$ cat start-v3.cif   # mmCIF, C-alpha atoms
data_protein
#
loop_
_atom_site.label_atom_id
_atom_site.label_comp_id
_atom_site.auth_asym_id
_atom_site.auth_seq_id
_atom_site.Cartn_x
_atom_site.Cartn_y
_atom_site.Cartn_z
CA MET A 1 87.63 71.37 129.80
CA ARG A 2 89.57 73.81 127.66
CA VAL A 3 92.62 73.15 125.51
CA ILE A 4 95.24 75.31 123.83
CA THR A 5 96.70 74.19 120.51
CA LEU A 6 99.89 75.85 119.30
CA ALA A 7 101.43 75.35 115.86
CA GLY A 8 105.20 75.98 115.97
CA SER A 9 105.94 76.00 112.33
CA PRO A 10 107.49 79.06 110.62
CA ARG A 11 104.90 78.67 107.83
CA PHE A 12 101.09 78.80 107.76
CA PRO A 13 99.46 76.56 106.81
CA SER A 14 101.83 73.79 107.81
CA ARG A 15 101.84 70.09 108.53
CA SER A 16 101.88 71.13 112.21
CA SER A 17 98.78 73.26 111.86
CA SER A 18 96.96 70.57 109.89
CA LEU A 19 97.57 68.07 112.75
CA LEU A 20 96.05 70.58 115.17
CA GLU A 21 93.00 71.22 112.95
CA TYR A 22 92.35 67.48 113.05
CA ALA A 23 92.74 67.54 116.83
CA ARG A 24 90.26 70.45 117.10
CA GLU A 25 87.65 68.48 115.11
CA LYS A 26 87.88 65.58 117.57
CA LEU A 27 87.98 67.89 120.63
CA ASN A 28 84.96 69.85 119.32
CA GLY A 29 83.12 66.52 119.30
CA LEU A 30 84.22 65.81 122.91
CA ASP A 31 82.85 69.18 124.08
CA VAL A 32 86.30 70.64 124.79
CA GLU A 33 86.65 74.35 124.07
CA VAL A 34 89.78 74.91 121.97
CA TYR A 35 91.89 78.06 121.63
CA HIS A 36 94.10 77.66 118.55
CA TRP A 37 97.23 79.68 117.98
CA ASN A 38 100.02 79.77 115.48
CA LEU A 39 103.18 81.82 115.44
CA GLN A 40 101.77 84.09 112.75
CA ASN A 41 99.32 85.40 115.38
CA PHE A 42 102.23 87.34 116.98
CA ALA A 43 104.32 90.27 115.82
CA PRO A 44 107.65 88.76 114.69
CA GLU A 45 109.61 91.54 116.45
CA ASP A 46 107.91 90.67 119.71
CA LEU A 47 109.05 87.04 119.41
CA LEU A 48 112.57 87.56 118.14
CA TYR A 49 113.44 90.48 120.47
CA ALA A 50 111.54 89.01 123.47
CA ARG A 51 109.09 91.90 124.09
CA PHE A 52 106.69 90.91 126.89
CA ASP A 53 104.25 93.80 126.33
CA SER A 54 102.92 92.20 123.16
CA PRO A 55 99.08 92.34 123.11
CA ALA A 56 98.74 88.85 121.65
CA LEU A 57 101.17 87.47 124.25
CA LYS A 58 98.86 88.69 127.05
CA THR A 59 95.80 87.08 125.45
CA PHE A 60 97.71 83.83 124.81
CA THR A 61 98.98 83.73 128.38
CA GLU A 62 95.46 84.44 129.69
CA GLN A 63 94.00 81.61 127.61
CA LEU A 64 96.81 79.26 128.67
CA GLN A 65 96.05 80.05 132.33
CA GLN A 66 92.44 78.93 131.70
CA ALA A 67 93.45 75.80 129.77
CA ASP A 68 93.67 72.30 131.21
CA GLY A 69 96.03 71.14 128.50
CA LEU A 70 98.25 72.06 125.59
CA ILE A 71 98.79 70.33 122.23
CA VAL A 72 101.94 71.80 120.74
CA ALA A 73 103.23 70.79 117.30
CA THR A 74 106.61 71.51 115.69
CA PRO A 75 108.66 70.63 112.62
CA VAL A 76 111.92 68.93 113.50
CA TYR A 77 114.87 71.27 112.83
CA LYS A 78 118.50 70.39 113.66
CA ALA A 79 117.36 67.42 115.79
CA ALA A 80 115.19 69.61 118.03
CA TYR A 81 112.06 71.73 118.14
CA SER A 82 111.85 74.82 115.96
CA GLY A 83 113.51 77.97 117.19
CA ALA A 84 110.37 79.79 116.06
CA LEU A 85 108.34 77.83 118.59
CA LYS A 86 110.97 78.29 121.27
CA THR A 87 110.83 82.10 120.90
CA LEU A 88 107.25 82.03 122.14
CA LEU A 89 107.94 79.46 124.83
CA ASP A 90 110.71 81.79 126.08
CA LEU A 91 108.16 84.57 126.62
CA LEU A 92 105.84 82.55 128.92
CA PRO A 93 105.71 82.93 132.72
CA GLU A 94 108.05 80.69 134.70
CA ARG A 95 105.33 78.21 135.81
CA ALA A 96 103.04 78.60 132.78
CA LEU A 97 102.34 74.85 132.34
CA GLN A 98 101.80 74.07 136.04
CA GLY A 99 98.62 72.03 136.44
CA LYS A 100 98.52 71.16 132.71
CA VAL A 101 98.82 68.06 130.43
CA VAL A 102 101.02 68.49 127.33
CA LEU A 103 100.81 66.44 124.11
CA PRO A 104 103.75 67.19 121.81
CA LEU A 105 103.46 66.51 118.06
CA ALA A 106 106.47 66.55 115.74
CA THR A 107 106.60 66.54 111.95
CA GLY A 108 109.57 65.63 109.83
CA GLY A 109 111.20 63.42 107.32
CA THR A 110 112.01 60.42 109.51
CA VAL A 111 110.73 59.06 112.83
CA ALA A 112 114.33 58.36 113.73
CA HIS A 113 114.32 62.02 114.89
CA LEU A 114 111.43 61.77 117.39
CA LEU A 115 113.49 60.58 120.35
CA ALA A 116 115.93 63.47 119.99
CA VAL A 117 113.08 65.99 119.78
CA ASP A 118 111.33 64.45 122.78
CA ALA A 119 114.59 64.69 124.63
CA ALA A 120 115.04 68.37 123.59
CA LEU A 121 111.52 69.34 124.67
CA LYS A 122 111.62 67.56 128.02
CA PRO A 123 113.81 70.09 129.90
CA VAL A 124 111.91 73.04 128.42
CA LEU A 125 108.46 71.73 129.33
CA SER A 126 109.78 70.63 132.70
CA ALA A 127 111.16 74.15 133.26
CA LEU A 128 107.61 75.42 132.60
CA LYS A 129 106.40 72.95 135.28
CA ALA A 130 104.16 70.86 132.99
CA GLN A 131 102.22 68.49 135.15
CA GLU A 132 102.13 65.63 132.65
CA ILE A 133 104.14 65.39 129.43
CA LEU A 134 102.78 62.73 127.14
CA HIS A 135 105.01 60.79 124.77
CA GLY A 136 105.86 62.58 121.59
CA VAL A 137 103.92 61.65 118.46
CA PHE A 138 105.67 61.70 115.08
CA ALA A 139 103.93 62.47 111.79
CA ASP A 140 105.95 61.75 108.67
CA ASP A 141 105.82 64.53 106.06
CA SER A 142 104.94 61.84 103.50
CA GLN A 143 101.82 60.81 105.40
CA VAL A 144 100.37 64.31 105.59
CA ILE A 145 98.90 64.07 102.12
CA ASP A 146 97.50 67.61 101.98
CA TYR A 147 97.69 70.40 104.57
CA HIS A 148 96.24 73.42 102.73
CA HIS A 149 92.55 72.41 102.83
CA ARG A 150 90.89 70.10 105.33
CA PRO A 151 93.68 67.72 106.41
CA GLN A 152 94.21 64.51 104.49
CA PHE A 153 96.35 61.97 106.34
CA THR A 154 97.11 58.38 105.52
CA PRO A 155 94.85 56.02 107.48
CA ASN A 156 97.74 54.79 109.71
CA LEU A 157 98.49 58.38 110.71
CA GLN A 158 94.83 59.18 111.49
CA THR A 159 94.52 56.15 113.71
CA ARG A 160 97.73 57.04 115.55
CA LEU A 161 96.60 60.67 116.02
CA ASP A 162 93.17 59.53 117.24
CA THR A 163 94.82 57.16 119.70
CA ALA A 164 97.14 59.84 121.10
CA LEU A 165 94.30 62.36 121.37
CA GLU A 166 92.19 59.82 123.26
CA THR A 167 95.09 59.34 125.70
CA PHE A 168 95.26 63.14 126.05
CA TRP A 169 91.54 63.42 126.77
CA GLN A 170 91.66 60.60 129.31
CA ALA A 171 94.65 62.32 130.98
CA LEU A 172 92.66 65.58 131.20
CA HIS A 173 89.48 63.86 132.34
CA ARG A 174 91.23 61.95 135.11
CA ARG A 175 92.29 65.32 136.48
CA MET B 1 142.20 83.15 109.70
CA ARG B 2 138.50 84.08 109.71
CA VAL B 3 136.07 83.76 112.63
CA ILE B 4 132.33 84.37 112.92
CA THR B 5 130.98 85.61 116.23
CA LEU B 6 127.26 85.16 116.73
CA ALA B 7 125.26 86.74 119.56
CA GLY B 8 122.03 84.87 120.33
CA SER B 9 120.46 87.14 122.92
CA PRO B 10 117.19 88.79 121.82
CA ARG B 11 118.45 91.91 123.58
CA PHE B 12 121.51 93.67 122.29
CA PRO B 13 123.66 94.47 124.20
CA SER B 14 123.49 91.62 126.74
CA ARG B 15 125.70 89.82 129.23
CA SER B 16 126.32 87.00 126.75
CA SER B 17 127.00 89.39 123.86
CA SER B 18 129.65 91.04 126.02
CA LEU B 19 131.64 87.81 125.84
CA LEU B 20 131.81 88.05 122.04
CA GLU B 21 132.95 91.66 122.13
CA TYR B 22 135.85 90.61 124.32
CA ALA B 23 136.38 87.64 122.03
CA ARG B 24 136.53 89.96 119.01
CA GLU B 25 139.07 92.18 120.73
CA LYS B 26 141.22 89.18 121.69
CA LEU B 27 141.08 87.62 118.21
CA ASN B 28 141.74 90.91 116.43
CA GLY B 29 144.96 91.24 118.46
CA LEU B 30 146.00 87.86 117.04
CA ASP B 31 145.27 89.19 113.53
CA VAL B 32 142.03 87.25 112.96
CA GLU B 33 139.43 88.67 110.61
CA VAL B 34 136.27 88.60 112.78
CA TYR B 35 132.79 88.87 111.25
CA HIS B 36 130.50 89.73 114.15
CA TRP B 37 126.75 89.23 113.93
CA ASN B 38 123.79 89.61 116.26
CA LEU B 39 120.08 89.06 115.76
CA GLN B 40 119.39 92.73 115.03
CA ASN B 41 121.28 92.22 111.73
CA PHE B 42 118.34 90.22 110.36
CA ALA B 43 114.75 91.02 109.62
CA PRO B 44 112.75 89.22 112.37
CA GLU B 45 110.07 88.12 109.91
CA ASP B 46 112.83 86.40 107.86
CA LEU B 47 113.96 84.40 110.87
CA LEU B 48 110.53 83.59 112.36
CA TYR B 49 109.05 82.60 108.98
CA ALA B 50 112.11 80.78 107.69
CA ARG B 51 112.60 82.95 104.61
CA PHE B 52 115.52 81.44 102.77
CA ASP B 53 115.58 84.39 100.34
CA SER B 54 116.68 86.65 103.22
CA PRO B 55 119.59 88.79 101.94
CA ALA B 56 121.18 89.06 105.40
CA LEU B 57 120.95 85.26 105.75
CA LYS B 58 122.71 84.91 102.41
CA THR B 59 125.48 87.27 103.58
CA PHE B 60 125.78 85.40 106.86
CA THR B 61 125.95 81.98 105.19
CA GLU B 62 128.66 83.24 102.81
CA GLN B 63 130.78 84.64 105.63
CA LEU B 64 130.33 81.43 107.68
CA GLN B 65 131.42 79.31 104.68
CA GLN B 66 134.70 81.22 104.66
CA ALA B 67 135.23 81.16 108.40
CA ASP B 68 137.55 78.69 110.06
CA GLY B 69 135.68 78.90 113.38
CA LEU B 70 132.46 80.02 115.08
CA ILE B 71 131.98 81.57 118.50
CA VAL B 72 128.29 81.51 119.53
CA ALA B 73 126.87 83.03 122.72
CA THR B 74 123.42 82.60 124.20
CA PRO B 75 121.56 83.34 127.41
CA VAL B 76 119.74 80.46 129.11
CA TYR B 77 115.94 80.48 128.61
CA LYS B 78 113.65 77.65 129.80
CA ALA B 79 116.70 75.49 130.47
CA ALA B 80 118.03 75.78 126.93
CA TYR B 81 119.54 78.16 124.39
CA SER B 82 117.40 81.07 123.22
CA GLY B 83 114.69 80.41 120.71
CA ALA B 84 115.94 83.49 118.87
CA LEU B 85 119.39 81.99 118.32
CA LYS B 86 117.80 78.73 117.19
CA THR B 87 115.64 80.47 114.52
CA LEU B 88 118.89 81.39 112.74
CA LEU B 89 120.63 78.04 113.26
CA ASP B 90 117.54 76.42 111.76
CA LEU B 91 118.09 78.30 108.48
CA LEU B 92 121.70 77.19 108.03
CA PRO B 93 122.65 74.41 105.58
CA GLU B 94 122.58 70.91 107.04
CA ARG B 95 126.37 70.54 107.13
CA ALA B 96 127.14 74.22 107.73
CA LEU B 97 129.75 73.66 110.49
CA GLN B 98 131.66 70.82 108.78
CA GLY B 99 135.41 71.34 109.03
CA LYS B 100 134.90 74.14 111.57
CA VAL B 101 135.77 74.63 115.27
CA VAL B 102 133.01 76.00 117.56
CA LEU B 103 133.35 77.77 120.89
CA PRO B 104 130.03 77.96 122.77
CA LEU B 105 129.50 80.58 125.42
CA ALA B 106 126.56 81.12 127.68
CA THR B 107 125.34 83.12 130.63
CA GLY B 108 122.58 82.18 133.04
CA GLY B 109 121.49 82.25 136.66
CA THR B 110 122.16 78.81 138.10
CA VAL B 111 124.58 75.95 137.74
CA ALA B 112 121.72 73.68 136.72
CA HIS B 113 120.92 76.11 133.92
CA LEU B 114 124.50 76.41 132.67
CA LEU B 115 124.51 72.61 132.48
CA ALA B 116 121.16 72.48 130.71
CA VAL B 117 122.19 74.98 128.00
CA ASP B 118 125.38 72.99 127.43
CA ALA B 119 123.47 69.73 126.96
CA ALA B 120 120.95 71.54 124.70
CA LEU B 121 123.42 73.38 122.49
CA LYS B 122 125.96 70.66 121.69
CA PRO B 123 123.51 68.36 119.79
CA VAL B 124 122.42 71.27 117.60
CA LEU B 125 126.07 72.00 116.79
CA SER B 126 126.62 68.26 116.21
CA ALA B 127 123.65 68.13 113.82
CA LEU B 128 125.34 70.92 111.90
CA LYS B 129 128.44 68.65 111.66
CA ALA B 130 130.81 70.82 113.73
CA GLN B 131 134.29 69.35 113.47
CA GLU B 132 135.16 70.15 117.08
CA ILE B 133 133.03 71.66 119.83
CA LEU B 134 135.14 73.17 122.57
CA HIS B 135 134.27 72.68 126.21
CA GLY B 136 132.95 76.24 126.36
CA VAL B 137 132.53 79.03 128.90
CA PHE B 138 129.29 78.87 130.87
CA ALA B 139 129.24 81.86 133.21
CA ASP B 140 126.95 82.95 136.00
CA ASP B 141 125.27 86.26 135.13
CA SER B 142 126.92 87.86 138.14
CA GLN B 143 130.34 87.18 136.57
CA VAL B 144 129.62 89.97 134.09
CA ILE B 145 130.15 93.31 135.83
CA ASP B 146 129.71 95.63 132.85
CA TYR B 147 128.23 94.71 129.47
CA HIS B 148 127.92 98.26 128.21
CA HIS B 149 131.16 100.08 127.35
CA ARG B 150 134.26 97.96 127.18
CA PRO B 151 133.11 94.68 128.76
CA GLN B 152 134.24 93.97 132.32
CA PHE B 153 134.25 90.47 133.89
CA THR B 154 135.25 88.93 137.19
CA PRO B 155 138.87 87.81 137.28
CA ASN B 156 137.81 84.19 137.29
CA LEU B 157 135.60 84.63 134.21
CA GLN B 158 138.25 86.77 132.48
CA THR B 159 140.72 83.89 132.89
CA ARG B 160 138.33 81.24 131.60
CA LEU B 161 137.57 83.39 128.57
CA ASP B 162 141.22 84.04 127.76
CA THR B 163 142.08 80.35 128.16
CA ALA B 164 139.23 79.22 125.95
CA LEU B 165 140.08 81.78 123.25
CA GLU B 166 143.72 80.60 123.12
CA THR B 167 142.49 76.99 122.81
CA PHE B 168 140.17 78.16 120.01
CA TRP B 169 142.95 80.04 118.20
CA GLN B 170 145.18 76.97 118.49
CA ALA B 171 142.44 74.70 117.12
CA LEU B 172 142.15 76.96 114.08
CA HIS B 173 146.00 76.92 113.93
#

$ encode --input "start-v3.cif" --output "structure tokens"
Amino acid sequence: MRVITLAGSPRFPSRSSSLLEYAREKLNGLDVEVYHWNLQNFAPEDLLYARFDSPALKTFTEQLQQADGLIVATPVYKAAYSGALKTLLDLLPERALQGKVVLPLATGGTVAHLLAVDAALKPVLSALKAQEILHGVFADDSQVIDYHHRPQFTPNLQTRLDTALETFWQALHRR
Amino acid sequence: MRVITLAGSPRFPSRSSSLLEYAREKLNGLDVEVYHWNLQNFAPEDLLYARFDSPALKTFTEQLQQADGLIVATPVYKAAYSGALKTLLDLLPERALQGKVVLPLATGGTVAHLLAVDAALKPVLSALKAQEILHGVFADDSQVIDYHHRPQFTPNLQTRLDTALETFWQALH
């Protein structure tokens, strides 16, 4: 089993990337090979001006083709996913998530926003032909206690992340 | 009256940017001051990395403050507005469109996709507190004949554009 993790935050490090470093620890223990990407791995001109001959884009698309699932994480901006994340999603092949399980993580100031962000992501991930979109998981900015070093999360948040990642693994393993 | 036009296609020129060039022509003939922007007027690293010090962002936010209305155009990617357009909307102040009229425009391949971009875009403009979001012009790519030179549209798209721009001018007063 191989998994892609993608941080969609405009900053690095971020709350988004700290959630994915926690996920990679767990997935390392479950003998899942993880390819981890953030938006700062790409040339900004290639994202903003939608240039498909980016080197990194080819390597990302190759690793996505080999992946059984995707954990994608985004800050909540204007009641939706980040535009920074969407610039990369817009560069992927038309059926890039076919065959794959997707776990979406969202970070922000209030969980009241999760439903709107789930609803914004659904058509995009469905356009990419995701095989299985898991329910979105919200992490409150106040519960991500430190994101510059090894992640520190409140214990409620850890348990909720562990639970969602176990659902994700079971979803992959079933397939 | 002052109007901002904002092209969201990562390519300039594009089918959807051609709509704003016609819009700018039409509005200028009604004696509107039009400030026209596209994504080439910003440093991509400022948009992608959310750099609120960006000088071009500051200029844009100042001009938008003073505008009575916004016309925003996007292509349809992955059943939504372009990520590139959204990187800029994400850097605007939380109530940036309050008291303002917005005319959304979009071009895409299918009817399902014109519907999807409409459902995607309006909540973002609502989050920004737009006072009134017009119905909009959602055109099939084939409706744009020429998007270099002076833009050329099908008669049916020409008429929908003219009608929506008059509605927009009225809404400004």

$ resolve_selection --input "start-v3.cif" --expression "the PyMOL selection byres ((chain A) within 7 of (chain B))" --output "MDAnalysis selection string"
chainID A and resid 10:11 44:45 48:50 77:79 82:84 86:87 90 120 123:124 127

$ resolve_selection --input "start-v3.cif" --expression "the PyMOL selection byres ((chain B and resi 63) around 10)" --output "VMD selection string"
chain B and resid 2 to 4 34 to 36 57 to 62 64 to 67

$ atom_distance --input "start-v3.cif" --atom1 "atom CA of residue 102 of chain B" --atom2 "atom CA of residue 23 of chain B"
12.9 Å

$ axis_aligned_box --input "start-v3.cif" --around "segment 2-20 of chain B" --padding-each-side "6 Å" --output "AutoDock Vina command-line options"
--center_x 127.8 --center_y 89.1 --center_z 119.5 --size_x 33.3 --size_y 22.7 --size_z 31.5

$ residues_around --input "start-v3.cif" --residues "segment 144-157 of chain A" --least-positions-apart "4" --cutoff "12 Å" --atoms "all atoms listed in the file" --output "PyMOL selection string"
chain A and resi 11-25+107-109+137-140+161-164

$ closest_residue --input "start-v3.cif" --among "B:75, B:55, B:136, B:69" --to "residue 33 of chain B" --atoms "only C-alpha atoms"
B:69

$ atom_distance --input "start-v3.cif" --atom1 "atom CA of residue 26 of chain A" --atom2 "atom CA of residue 119 of chain A"
27.6 Å

$ residues_around --input "start-v3.cif" --residues "segment 93-105 of chain A" --least-positions-apart "2" --cutoff "7 Å" --atoms "all atoms listed in the file" --output "ChimeraX atom specification"
/A:68-74,91,107,128-134,136-138,168,172

$ decode --input "start-v3.cif" --residues "segment 98-124 of chain A" --atoms "N, CA and C atoms" --output "PDB file, in the first residue's frame"
ATOM      1  N   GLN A  98      -9.102   8.175  -9.875  1.00  0.00           N
ATOM      2  CA  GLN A  98      -9.815   6.929 -10.137  1.00  0.00           C
ATOM      3  C   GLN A  98      -9.108   5.782  -9.414  1.00  0.00           C
ATOM      4  N   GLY A  99      -9.882   4.888  -8.806  1.00  0.00           N
ATOM      5  CA  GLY A  99      -9.287   3.806  -8.042  1.00  0.00           C
ATOM      6  C   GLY A  99      -8.875   4.144  -6.615  1.00  0.00           C
ATOM      7  N   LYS A 100      -8.936   5.410  -6.190  1.00  0.00           N
ATOM      8  CA  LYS A 100      -8.272   5.841  -4.963  1.00  0.00           C
ATOM      9  C   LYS A 100      -9.268   6.281  -3.891  1.00  0.00           C
ATOM     10  N   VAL A 101      -8.861   6.079  -2.591  1.00  0.00           N
ATOM     11  CA  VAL A 101      -9.561   6.574  -1.402  1.00  0.00           C
ATOM     12  C   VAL A 101      -8.974   7.936  -1.044  1.00  0.00           C
ATOM     13  N   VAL A 102      -9.839   8.887  -0.678  1.00  0.00           N
ATOM     14  CA  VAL A 102      -9.419  10.240  -0.306  1.00  0.00           C
ATOM     15  C   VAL A 102      -9.913  10.553   1.102  1.00  0.00           C
ATOM     16  N   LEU A 103      -9.004  10.992   1.971  1.00  0.00           N
ATOM     17  CA  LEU A 103      -9.319  11.520   3.291  1.00  0.00           C
ATOM     18  C   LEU A 103      -9.039  13.019   3.272  1.00  0.00           C
ATOM     19  N   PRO A 104     -10.038  13.858   3.375  1.00  0.00           N
ATOM     20  CA  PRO A 104      -9.775  15.302   3.412  1.00  0.00           C
ATOM     21  C   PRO A 104      -9.701  15.842   4.844  1.00  0.00           C
ATOM     22  N   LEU A 105      -8.644  16.579   5.164  1.00  0.00           N
ATOM     23  CA  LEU A 105      -8.507  17.273   6.441  1.00  0.00           C
ATOM     24  C   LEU A 105      -8.627  18.774   6.205  1.00  0.00           C
ATOM     25  N   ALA A 106      -9.269  19.461   7.139  1.00  0.00           N
ATOM     26  CA  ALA A 106      -9.463  20.897   7.051  1.00  0.00           C
ATOM     27  C   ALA A 106      -9.129  21.553   8.378  1.00  0.00           C
ATOM     28  N   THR A 107      -8.425  22.679   8.313  1.00  0.00           N
ATOM     29  CA  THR A 107      -8.004  23.402   9.506  1.00  0.00           C
ATOM     30  C   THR A 107      -8.633  24.784   9.485  1.00  0.00           C
ATOM     31  N   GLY A 108      -8.987  25.290  10.654  1.00  0.00           N
ATOM     32  CA  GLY A 108      -9.634  26.587  10.661  1.00  0.00           C
ATOM     33  C   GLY A 108     -10.088  26.969  12.044  1.00  0.00           C
ATOM     34  N   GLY A 109     -10.769  28.102  12.087  1.00  0.00           N
ATOM     35  CA  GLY A 109     -11.098  28.679  13.368  1.00  0.00           C
ATOM     36  C   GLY A 109     -12.327  28.097  14.016  1.00  0.00           C
ATOM     37  N   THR A 110     -13.226  27.506  13.231  1.00  0.00           N
ATOM     38  CA  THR A 110     -14.468  26.960  13.771  1.00  0.00           C
ATOM     39  C   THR A 110     -14.979  25.801  12.919  1.00  0.00           C
ATOM     40  N   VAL A 111     -15.393  24.721  13.596  1.00  0.00           N
ATOM     41  CA  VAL A 111     -15.890  23.534  12.918  1.00  0.00           C
ATOM     42  C   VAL A 111     -17.178  23.844  12.186  1.00  0.00           C
ATOM     43  N   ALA A 112     -17.837  24.956  12.518  1.00  0.00           N
ATOM     44  CA  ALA A 112     -19.012  25.317  11.749  1.00  0.00           C
ATOM     45  C   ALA A 112     -18.707  25.386  10.258  1.00  0.00           C
ATOM     46  N   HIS A 113     -17.442  25.607   9.866  1.00  0.00           N
ATOM     47  CA  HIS A 113     -17.087  25.674   8.447  1.00  0.00           C
ATOM     48  C   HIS A 113     -16.904  24.322   7.754  1.00  0.00           C
ATOM     49  N   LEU A 114     -16.790  23.211   8.484  1.00  0.00           N
ATOM     50  CA  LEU A 114     -16.419  21.947   7.832  1.00  0.00           C
ATOM     51  C   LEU A 114     -17.431  21.557   6.763  1.00  0.00           C
ATOM     52  N   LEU A 115     -18.719  21.640   7.076  1.00  0.00           N
ATOM     53  CA  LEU A 115     -19.717  21.181   6.114  1.00  0.00           C
ATOM     54  C   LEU A 115     -19.607  21.935   4.793  1.00  0.00           C
ATOM     55  N   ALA A 116     -19.368  23.236   4.847  1.00  0.00           N
ATOM     56  CA  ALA A 116     -19.240  24.012   3.615  1.00  0.00           C
ATOM     57  C   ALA A 116     -18.015  23.581   2.819  1.00  0.00           C
ATOM     58  N   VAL A 117     -16.911  23.295   3.508  1.00  0.00           N
ATOM     59  CA  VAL A 117     -15.687  22.864   2.845  1.00  0.00           C
ATOM     60  C   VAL A 117     -15.834  21.464   2.280  1.00  0.00           C
ATOM     61  N   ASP A 118     -16.465  20.558   3.034  1.00  0.00           N
ATOM     62  CA  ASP A 118     -16.794  19.257   2.460  1.00  0.00           C
ATOM     63  C   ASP A 118     -17.601  19.443   1.197  1.00  0.00           C
ATOM     64  N   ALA A 119     -18.617  20.295   1.268  1.00  0.00           N
ATOM     65  CA  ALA A 119     -19.472  20.472   0.115  1.00  0.00           C
ATOM     66  C   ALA A 119     -18.711  21.096  -1.052  1.00  0.00           C
ATOM     67  N   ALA A 120     -17.702  21.967  -0.796  1.00  0.00           N
ATOM     68  CA  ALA A 120     -16.927  22.554  -1.886  1.00  0.00           C
ATOM     69  C   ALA A 120     -15.995  21.525  -2.514  1.00  0.00           C
ATOM     70  N   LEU A 121     -15.395  20.665  -1.698  1.00  0.00           N
ATOM     71  CA  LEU A 121     -14.491  19.654  -2.231  1.00  0.00           C
ATOM     72  C   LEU A 121     -15.200  18.559  -3.002  1.00  0.00           C
ATOM     73  N   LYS A 122     -16.429  18.229  -2.630  1.00  0.00           N
ATOM     74  CA  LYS A 122     -17.075  17.064  -3.226  1.00  0.00           C
ATOM     75  C   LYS A 122     -17.109  17.118  -4.749  1.00  0.00           C
ATOM     76  N   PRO A 123     -17.544  18.203  -5.390  1.00  0.00           N
ATOM     77  CA  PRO A 123     -17.583  18.185  -6.862  1.00  0.00           C
ATOM     78  C   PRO A 123     -16.214  18.097  -7.488  1.00  0.00           C
ATOM     79  N   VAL A 124     -15.192  18.655  -6.835  1.00  0.00           N
ATOM     80  CA  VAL A 124     -13.845  18.660  -7.383  1.00  0.00           C
ATOM     81  C   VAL A 124     -13.269  17.260  -7.366  1.00  0.00           C
TER      82      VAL A 124
END
